[PDB]
>>> print(open('model.cif').read())   # mmCIF, C-alpha atoms and all ligand atoms
data_protein
loop_
_atom_site.label_atom_id
_atom_site.label_comp_id
_atom_site.auth_asym_id
_atom_site.auth_seq_id
_atom_site.Cartn_x
_atom_site.Cartn_y
_atom_site.Cartn_z
CA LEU C 3 16.97 -103.93 41.30
CA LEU C 4 14.60 -104.81 38.42
CA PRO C 5 15.54 -108.05 36.63
CA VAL C 6 16.68 -107.71 33.01
CA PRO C 7 15.23 -108.87 30.58
CA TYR C 8 12.29 -106.97 32.06
CA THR C 9 8.76 -107.72 30.83
CA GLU C 10 5.59 -105.92 31.93
CA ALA C 11 2.00 -106.08 30.71
CA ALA C 12 1.02 -102.63 29.48
CA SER C 13 -1.66 -100.64 27.69
CA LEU C 14 -0.87 -97.47 25.74
CA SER C 15 -2.82 -94.64 24.14
CA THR C 16 -2.41 -90.92 23.49
CA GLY C 17 -1.10 -89.41 26.72
CA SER C 18 0.70 -92.52 27.96
CA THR C 19 4.35 -92.21 28.99
CA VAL C 20 6.80 -95.08 29.53
CA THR C 21 9.68 -94.01 31.79
CA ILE C 22 12.85 -96.09 32.14
CA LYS C 23 15.82 -95.41 34.41
CA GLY C 24 18.91 -97.53 33.89
CA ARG C 25 22.66 -97.83 33.32
CA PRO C 26 24.73 -99.57 30.63
CA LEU C 27 26.55 -102.70 31.80
CA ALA C 28 29.76 -101.80 29.94
CA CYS C 29 31.78 -98.81 28.82
CA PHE C 30 30.88 -97.34 25.44
CA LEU C 31 34.16 -98.60 23.96
CA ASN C 32 32.69 -102.12 24.21
CA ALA C 33 29.40 -101.17 22.47
CA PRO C 34 26.69 -102.30 24.92
CA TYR C 35 23.13 -102.30 23.61
CA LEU C 36 19.75 -101.30 24.97
CA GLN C 37 16.50 -102.57 23.45
CA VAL C 38 12.91 -101.52 24.22
CA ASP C 39 10.12 -103.38 22.40
CA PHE C 40 6.39 -102.59 22.55
CA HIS C 41 4.75 -105.97 21.79
CA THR C 42 1.25 -106.90 20.60
CA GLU C 43 1.06 -109.95 22.93
CA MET C 44 2.76 -111.21 26.10
CA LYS C 45 4.81 -113.72 24.07
CA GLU C 46 8.18 -112.40 23.02
CA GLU C 47 7.69 -113.91 19.53
CA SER C 48 4.78 -111.54 18.95
CA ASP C 49 4.71 -108.51 16.68
CA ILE C 50 6.48 -105.33 17.76
CA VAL C 51 4.66 -102.04 17.21
CA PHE C 52 7.71 -100.01 18.29
CA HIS C 53 11.28 -101.34 18.42
CA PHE C 54 13.95 -99.00 19.89
CA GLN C 55 17.55 -100.25 19.90
CA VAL C 56 20.55 -98.23 21.13
CA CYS C 57 24.12 -99.18 20.31
CA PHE C 58 25.63 -96.98 23.00
CA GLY C 59 28.11 -94.52 21.53
CA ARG C 60 27.22 -95.33 17.90
CA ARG C 61 23.60 -95.15 16.79
CA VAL C 62 19.92 -95.86 17.40
CA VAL C 63 17.62 -97.86 15.15
CA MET C 64 13.86 -98.01 15.28
CA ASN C 65 11.52 -100.35 13.42
CA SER C 66 8.38 -102.46 13.64
CA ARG C 67 7.89 -106.21 13.24
CA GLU C 68 4.52 -106.84 11.57
CA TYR C 69 3.07 -110.33 10.99
CA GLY C 70 6.47 -111.75 11.82
CA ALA C 71 8.56 -109.55 9.50
CA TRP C 72 10.69 -106.48 10.12
CA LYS C 73 9.73 -103.37 8.15
CA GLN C 74 11.78 -100.30 7.15
CA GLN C 75 14.41 -99.36 9.72
CA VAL C 76 14.93 -95.74 10.78
CA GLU C 77 18.51 -94.92 11.82
CA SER C 78 19.66 -91.98 13.95
CA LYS C 79 23.22 -91.08 14.91
CA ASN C 80 21.96 -88.76 17.68
CA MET C 81 23.67 -90.02 20.85
CA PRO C 82 22.66 -88.11 24.00
CA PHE C 83 23.53 -91.04 26.27
CA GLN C 84 26.74 -90.44 28.22
CA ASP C 85 29.50 -93.01 28.71
CA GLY C 86 29.34 -94.72 32.11
CA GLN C 87 26.29 -92.75 33.28
CA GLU C 88 22.80 -93.57 34.43
CA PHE C 89 20.16 -92.51 31.92
CA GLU C 90 16.49 -91.67 32.10
CA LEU C 91 14.46 -92.54 29.00
CA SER C 92 10.93 -91.19 28.44
CA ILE C 93 8.73 -92.52 25.63
CA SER C 94 5.52 -90.52 25.19
CA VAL C 95 2.56 -91.49 23.02
CA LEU C 96 1.30 -88.60 20.93
CA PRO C 97 -1.54 -88.80 18.41
CA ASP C 98 0.85 -89.15 15.47
CA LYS C 99 4.10 -90.57 16.87
CA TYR C 100 6.21 -91.66 19.81
CA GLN C 101 8.49 -88.99 21.24
CA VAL C 102 11.63 -90.23 22.99
CA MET C 103 13.30 -88.02 25.59
CA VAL C 104 16.74 -88.85 26.98
CA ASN C 105 17.70 -87.08 30.21
CA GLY C 106 15.01 -84.49 29.49
CA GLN C 107 16.00 -83.72 25.88
CA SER C 108 13.87 -84.65 22.86
CA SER C 109 16.04 -87.12 20.98
CA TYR C 110 14.01 -89.38 18.65
CA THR C 111 10.52 -89.66 17.22
CA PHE C 112 8.78 -92.45 15.32
CA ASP C 113 5.44 -92.15 13.52
CA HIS C 114 2.81 -94.74 14.41
CA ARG C 115 2.70 -97.69 12.02
CA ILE C 116 0.28 -99.73 14.14
CA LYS C 117 -2.10 -98.07 16.58
CA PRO C 118 -0.63 -97.90 20.11
CA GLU C 119 -3.80 -99.57 21.42
CA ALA C 120 -2.42 -102.81 19.92
CA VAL C 121 0.34 -102.92 22.57
CA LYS C 122 -0.09 -105.45 25.37
CA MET C 123 3.48 -105.78 26.68
CA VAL C 124 6.77 -103.88 26.99
CA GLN C 125 10.15 -105.63 27.13
CA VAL C 126 13.40 -103.88 28.15
CA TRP C 127 16.55 -105.89 27.61
CA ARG C 128 20.18 -106.21 26.40
CA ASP C 129 23.17 -104.71 28.21
CA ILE C 130 21.65 -102.50 30.93
CA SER C 131 20.66 -102.62 34.55
CA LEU C 132 17.30 -101.10 35.46
CA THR C 133 16.22 -99.17 38.56
CA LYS C 134 12.83 -97.81 37.44
CA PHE C 135 10.10 -98.75 34.99
CA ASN C 136 6.80 -96.89 34.94
CA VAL C 137 3.81 -96.60 32.59
CA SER C 138 1.72 -93.50 33.38
CA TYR C 139 -1.44 -92.17 31.74
CA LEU C 140 -2.50 -88.50 31.49
CA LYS C 141 -5.69 -88.17 29.45
CA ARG C 142 -5.86 -84.92 27.46
CA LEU L 3 23.65 -118.93 38.89
CA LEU L 4 26.76 -117.06 37.65
CA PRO L 5 26.21 -113.30 37.27
CA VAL L 6 26.35 -111.92 33.73
CA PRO L 7 28.42 -109.92 32.68
CA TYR L 8 30.85 -112.51 34.05
CA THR L 9 34.51 -111.58 34.51
CA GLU L 10 37.29 -113.92 35.67
CA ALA L 11 41.05 -113.52 35.91
CA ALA L 12 42.65 -116.14 33.68
CA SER L 13 45.92 -117.34 32.18
CA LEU L 14 46.06 -119.25 28.89
CA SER L 15 48.64 -121.23 26.95
CA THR L 16 48.76 -124.23 24.63
CA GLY L 17 46.59 -126.90 26.24
CA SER L 18 44.24 -124.53 28.05
CA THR L 19 40.50 -124.98 27.58
CA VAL L 20 37.78 -122.46 28.49
CA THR L 21 34.41 -124.18 28.96
CA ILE L 22 31.15 -122.22 29.13
CA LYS L 23 27.66 -123.60 29.75
CA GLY L 24 24.76 -121.23 29.24
CA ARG L 25 21.39 -120.42 27.67
CA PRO L 26 20.19 -117.51 25.50
CA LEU L 27 17.85 -115.09 27.27
CA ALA L 28 15.51 -114.82 24.26
CA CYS L 29 14.21 -116.84 21.35
CA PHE L 30 16.29 -116.73 18.17
CA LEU L 31 13.58 -114.70 16.41
CA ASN L 32 14.61 -111.78 18.66
CA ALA L 33 18.35 -112.12 17.87
CA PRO L 34 20.00 -112.40 21.30
CA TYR L 35 23.78 -112.10 21.37
CA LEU L 36 26.60 -113.87 23.17
CA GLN L 37 30.06 -112.32 23.53
CA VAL L 38 33.27 -113.88 24.89
CA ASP L 39 36.34 -111.63 25.11
CA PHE L 40 39.87 -112.70 26.10
CA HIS L 41 41.39 -109.47 27.50
CA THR L 42 45.01 -108.39 28.07
CA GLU L 43 44.18 -106.70 31.41
CA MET L 44 41.44 -106.84 34.06
CA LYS L 45 39.98 -103.54 32.81
CA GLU L 46 37.26 -103.99 30.24
CA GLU L 47 38.75 -101.14 28.14
CA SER L 48 41.86 -103.24 27.58
CA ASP L 49 42.91 -104.95 24.36
CA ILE L 50 41.14 -108.13 23.29
CA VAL L 51 43.30 -110.97 21.97
CA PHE L 52 40.22 -113.02 20.98
CA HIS L 53 36.72 -111.61 20.50
CA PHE L 54 33.91 -114.14 19.82
CA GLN L 55 30.41 -112.74 19.20
CA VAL L 56 27.35 -114.86 18.36
CA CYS L 57 24.18 -113.36 16.92
CA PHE L 58 22.06 -116.40 17.69
CA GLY L 59 20.40 -117.75 14.57
CA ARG L 60 22.36 -115.50 12.19
CA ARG L 61 26.15 -115.45 12.37
CA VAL L 62 29.36 -115.38 14.39
CA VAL L 63 32.10 -112.78 14.15
CA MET L 64 35.59 -112.99 15.56
CA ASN L 65 38.21 -110.27 15.81
CA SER L 66 40.93 -108.73 17.96
CA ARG L 67 41.23 -105.24 19.44
CA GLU L 68 44.89 -104.20 19.42
CA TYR L 69 46.17 -100.94 20.95
CA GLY L 70 42.59 -99.77 21.16
CA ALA L 71 41.56 -100.55 17.57
CA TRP L 72 39.60 -103.40 16.02
CA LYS L 73 41.38 -105.38 13.33
CA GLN L 74 40.03 -107.53 10.47
CA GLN L 75 36.79 -109.30 11.34
CA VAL L 76 36.23 -112.96 10.45
CA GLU L 77 32.58 -113.87 9.78
CA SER L 78 31.03 -117.34 9.89
CA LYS L 79 27.44 -118.30 9.13
CA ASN L 80 27.90 -121.68 10.83
CA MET L 81 25.15 -121.82 13.47
CA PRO L 82 25.22 -125.00 15.59
CA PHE L 83 23.42 -123.31 18.50
CA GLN L 84 19.81 -124.46 18.81
CA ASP L 85 16.85 -122.15 19.45
CA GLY L 86 15.75 -122.14 23.09
CA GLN L 87 18.39 -124.65 24.20
CA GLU L 88 21.23 -124.70 26.67
CA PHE L 89 24.63 -124.75 24.97
CA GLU L 90 28.09 -125.88 25.96
CA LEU L 91 30.95 -123.89 24.42
CA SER L 92 34.56 -125.13 24.52
CA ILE L 93 37.45 -122.87 23.47
CA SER L 94 40.77 -124.72 23.27
CA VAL L 95 44.20 -123.13 22.86
CA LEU L 96 46.29 -124.89 20.26
CA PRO L 97 49.78 -123.82 19.17
CA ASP L 98 48.46 -122.03 16.09
CA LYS L 99 44.83 -121.12 16.82
CA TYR L 100 41.80 -121.28 19.06
CA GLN L 101 39.39 -124.11 18.33
CA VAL L 102 35.76 -123.53 19.31
CA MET L 103 33.51 -126.52 19.96
CA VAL L 104 29.75 -126.12 20.35
CA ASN L 105 27.92 -129.05 21.96
CA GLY L 106 30.90 -131.26 21.09
CA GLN L 107 31.22 -130.28 17.42
CA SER L 108 34.14 -128.28 16.00
CA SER L 109 32.52 -125.08 14.81
CA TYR L 110 35.01 -122.19 14.53
CA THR L 111 38.75 -121.58 14.60
CA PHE L 112 40.79 -118.39 14.81
CA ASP L 113 44.54 -118.12 14.27
CA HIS L 114 46.53 -116.41 17.02
CA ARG L 115 47.18 -112.72 16.36
CA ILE L 116 48.60 -112.03 19.83
CA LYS L 117 50.18 -114.77 21.91
CA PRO L 118 47.64 -116.36 24.31
CA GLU L 119 50.07 -115.70 27.17
CA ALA L 120 49.00 -112.04 26.90
CA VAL L 121 45.53 -112.88 28.26
CA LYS L 122 44.81 -111.89 31.85
CA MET L 123 41.00 -111.89 31.92
CA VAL L 124 37.96 -113.47 30.26
CA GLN L 125 34.59 -111.70 30.04
CA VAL L 126 31.33 -113.46 29.05
CA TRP L 127 28.38 -111.18 28.45
CA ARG L 128 25.34 -110.07 26.40
CA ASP L 129 22.05 -111.98 26.27
CA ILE L 130 22.76 -115.27 28.06
CA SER L 131 22.49 -116.83 31.46
CA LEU L 132 25.48 -118.86 32.65
CA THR L 133 25.63 -122.04 34.75
CA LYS L 134 29.29 -123.03 34.33
CA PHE L 135 32.59 -121.32 33.58
CA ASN L 136 35.87 -123.22 33.81
CA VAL L 137 39.47 -122.68 32.70
CA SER L 138 41.42 -125.96 32.68
CA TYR L 139 45.05 -126.68 31.76
CA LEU L 140 46.42 -129.94 30.28
CA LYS L 141 50.12 -129.58 29.48
CA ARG L 142 51.18 -131.63 26.44
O1 LIG C 201 15.58 -110.85 12.62
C1 LIG C 201 16.65 -110.11 13.09
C2 LIG C 201 17.49 -109.76 11.89
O2 LIG C 201 16.85 -108.99 11.12
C3 LIG C 201 17.81 -107.84 10.79
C4 LIG C 201 17.86 -107.69 9.38
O3 LIG C 201 18.35 -108.85 8.84
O4 LIG C 201 17.42 -106.58 11.44
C5 LIG C 201 16.05 -106.48 11.75
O5 LIG C 201 15.86 -106.86 13.16
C6 LIG C 201 16.61 -105.95 14.12
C7 LIG C 201 16.30 -106.34 15.49
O6 LIG C 201 16.95 -107.60 15.71
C8 LIG C 201 16.12 -104.52 13.85
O7 LIG C 201 16.93 -103.65 14.67
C9 LIG C 201 16.26 -104.15 12.40
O8 LIG C 201 15.65 -102.79 12.24
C10 LIG C 201 15.59 -105.09 11.52
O9 LIG C 201 15.85 -104.75 10.08
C11 LIG C 201 19.18 -108.33 11.37
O10 LIG C 201 20.08 -107.18 11.79
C12 LIG C 201 21.00 -106.99 10.89
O11 LIG C 201 20.50 -105.93 9.91
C13 LIG C 201 20.17 -104.68 10.62
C14 LIG C 201 19.70 -103.64 9.58
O12 LIG C 201 18.44 -104.13 9.04
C15 LIG C 201 21.31 -104.12 11.39
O13 LIG C 201 20.77 -102.99 12.23
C16 LIG C 201 21.96 -105.11 12.26
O14 LIG C 201 23.24 -104.57 12.76
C17 LIG C 201 22.26 -106.39 11.59
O15 LIG C 201 22.70 -107.33 12.58
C18 LIG C 201 18.83 -108.93 12.40
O16 LIG C 201 19.88 -109.85 12.89
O1 LIG C 202 33.83 -100.20 18.44
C1 LIG C 202 32.72 -101.00 18.15
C2 LIG C 202 32.35 -100.71 16.72
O2 LIG C 202 33.27 -101.11 15.94
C3 LIG C 202 32.57 -101.92 14.85
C4 LIG C 202 32.99 -101.43 13.59
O3 LIG C 202 32.62 -100.11 13.49
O4 LIG C 202 32.81 -103.36 14.96
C5 LIG C 202 34.01 -103.69 15.63
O5 LIG C 202 33.70 -104.00 17.04
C6 LIG C 202 32.75 -105.17 17.19
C7 LIG C 202 32.56 -105.45 18.61
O6 LIG C 202 31.78 -104.38 19.14
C8 LIG C 202 33.41 -106.37 16.50
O7 LIG C 202 32.45 -107.44 16.53
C9 LIG C 202 33.79 -106.05 15.08
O8 LIG C 202 34.52 -107.24 14.54
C10 LIG C 202 34.63 -104.88 14.98
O9 LIG C 202 34.89 -104.52 13.54
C11 LIG C 202 31.05 -101.63 15.10
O10 LIG C 202 30.15 -102.77 14.64
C12 LIG C 202 29.59 -102.47 13.51
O11 LIG C 202 30.47 -103.03 12.39
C13 LIG C 202 30.65 -104.48 12.54
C14 LIG C 202 31.51 -104.99 11.37
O12 LIG C 202 32.84 -104.42 11.55
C15 LIG C 202 29.37 -105.23 12.57
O13 LIG C 202 29.68 -106.65 12.94
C16 LIG C 202 28.39 -104.68 13.52
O14 LIG C 202 27.07 -105.28 13.27
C17 LIG C 202 28.23 -103.21 13.42
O15 LIG C 202 27.42 -102.78 14.51
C18 LIG C 202 30.99 -101.57 16.34
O16 LIG C 202 29.77 -100.89 16.81
#
>>> encode(input="model.cif", output="structure tokens", more="lines below")
Ligand SMILES: OC[C@H]1O[C@@](CO)(O[C@H]2O[C@H](CO)[C@@H](O)[C@H](O)[C@H]2O)[C@@H](O[C@H]2O[C@H](CO)[C@@H](O)[C@H](O)[C@H]2O)[C@@H]1O
Ligand SMILES: OC[C@H]1O[C@@](CO)(O[C@H]2O[C@H](CO)[C@@H](O)[C@H](O)[C@H]2O)[C@@H](O[C@H]2O[C@H](CO)[C@@H](O)[C@H](O)[C@H]2O)[C@@H]1O
Amino acid sequence: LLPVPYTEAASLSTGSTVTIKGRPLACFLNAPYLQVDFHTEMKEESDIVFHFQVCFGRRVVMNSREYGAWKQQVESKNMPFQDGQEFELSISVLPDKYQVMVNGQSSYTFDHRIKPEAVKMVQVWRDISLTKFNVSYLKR
Amino acid sequence: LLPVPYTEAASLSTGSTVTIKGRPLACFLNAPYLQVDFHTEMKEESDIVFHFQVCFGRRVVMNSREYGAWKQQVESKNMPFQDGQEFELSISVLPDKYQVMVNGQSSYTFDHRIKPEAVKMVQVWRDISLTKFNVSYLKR
């Protein structure tokens, strides 16, 4: 129901959660992707404080793009996403890192390189359909 | 106007041309992809006689997937696609190879590994919108 690429203005801080519900657009044999980027401005050319890219069935990479340039990639072969299935992805902002839950299971983390307060936009794109996108804030 | 992923039943032989008109869904800085697969069956899990994958602004790879397994990739750094622009892609079936034209300029070729008569379906997907898809036949 939600158009992909999906772009939403957003603010993040400790206690924020970004929740995404979606489905890959192809079987895992054909290697669909999912990408979630937390941007510093509304323009898609802007810096990316948190880049999260799934190659379904193979691996996840995370990185940041700072003053136009990609930094050191983190790779994970953890693959909790299931072939042909809807997924629910939860990205929580903790004081020290993002925690990424997939279908309720802690699956990835990524230490902050730029403060989350620098985020102004979230983009969700590549080979998925989307049925839910929510940013929720629970102050500690 | 045409939904992506786009799938169409198709038959190919010498003199067939597949013409695609579309636009990337993101600026080249964000590395959108385009993928065109000529399949041996309507199911997307089926073998791929010709796989054509553009990482816009970086490179093109071509390959085949035969009895479930990818063969030897061919890589080209030729990049005639222009950032932010609509493209027109022409794939022509010659006796010995596919010839790929981009905006009227010969840009890639790929020798036949499986006869084109094995194709039953064409899928166009990843990070593009599509305004035209045509399969046309001119017998020599
Ligand atoms: O500008 C995109 C270009 O940069 C490469 C490195 O050359 O990757 C960077 O950008 C990716 C997002 O598009 C990001 O996922 C990477 O973490 C970041 O380094 C290049 O990707 C190629 O190299 C990376 C490894 O650095 C591979 O993950 C990827 O498969 C390659 O295509 C991007 O095209
Ligand atoms: O099954 C997909 C898986 O296979 C890899 C090789 O491990 O690539 C094959 O499939 C690609 C289409 O998804 C096709 O483009 C390749 O030609 C084919 O070898 C893997 O891709 C990784 O390795 C290839 C190089 O072989 C890189 O082009 C790619 O960036 C890598 O992600 C696919 O995930």
>>> residues_near_point(input="model.cif", point="(-1.3, -102.4, 25.5)", cutoff="9 Å", atoms="all atoms listed in the file", output="JSON, numbers by chain")
{"C": [11, 12, 13, 14, 15, 40, 41, 42, 43, 118, 119, 120, 121, 122, 123, 124]}
>>> interface_residues(input="model.cif", of="chain L", to="chain C", cutoff="7 Å", atoms="only C-alpha atoms", output="NGL selection string")
:L and (31 or 47 or 128-129)
>>> residues_near_ligand(input="model.cif", ligand="ligand LIG 201 (chain C)", cutoff="8 Å", atoms="only C-alpha atoms and all ligand atoms", output="VMD selection string")
(chain C and resid 53 to 55 63 to 67 71 to 76) or (chain L and resid 31 to 34 57 60)
>>> axis_aligned_box(input="model.cif", around="region 82-88 of chain L", padding_each_side="3 Å", output="AutoDock Vina command-line options")
--center_x 20.5 --center_y -123.6 --center_z 21.1 --size_x 15.5 --size_y 8.9 --size_z 17.1
>>> residues_around(input="model.cif", residues="region 81-85 of chain C", least_positions_apart="4", cutoff="10 Å", atoms="all atoms listed in the file", output="VMD selection string")
chain C and resid 25 to 26 28 to 31 56 to 62 89 to 91 103 to 105 107 to 110
>>> atom_distance(input="model.cif", atom1="atom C10 of ligand LIG 202 (chain C)", atom2="CA of residue 78 (chain L)")
13.9 Å
>>> atom_distance(input="model.cif", atom1="CA of residue 136 (chain C)", atom2="CA of residue 87 (chain C)")
20.0 Å
>>> residues_around(input="model.cif", residues="residue 113 (chain C)", least_positions_apart="6", cutoff="10 Å", atoms="only C-alpha atoms", output="list in words")
residues 52, 95, 96, 97, 98, 99, 100 and 101 of chain C
>>> residues_near_point(input="model.cif", point="(-1.4, -88.7, 26.0)", cutoff="7 Å", atoms="all atoms listed in the file", output="PyMOL selection string")
chain C and resi 15-18+95-96+139-142
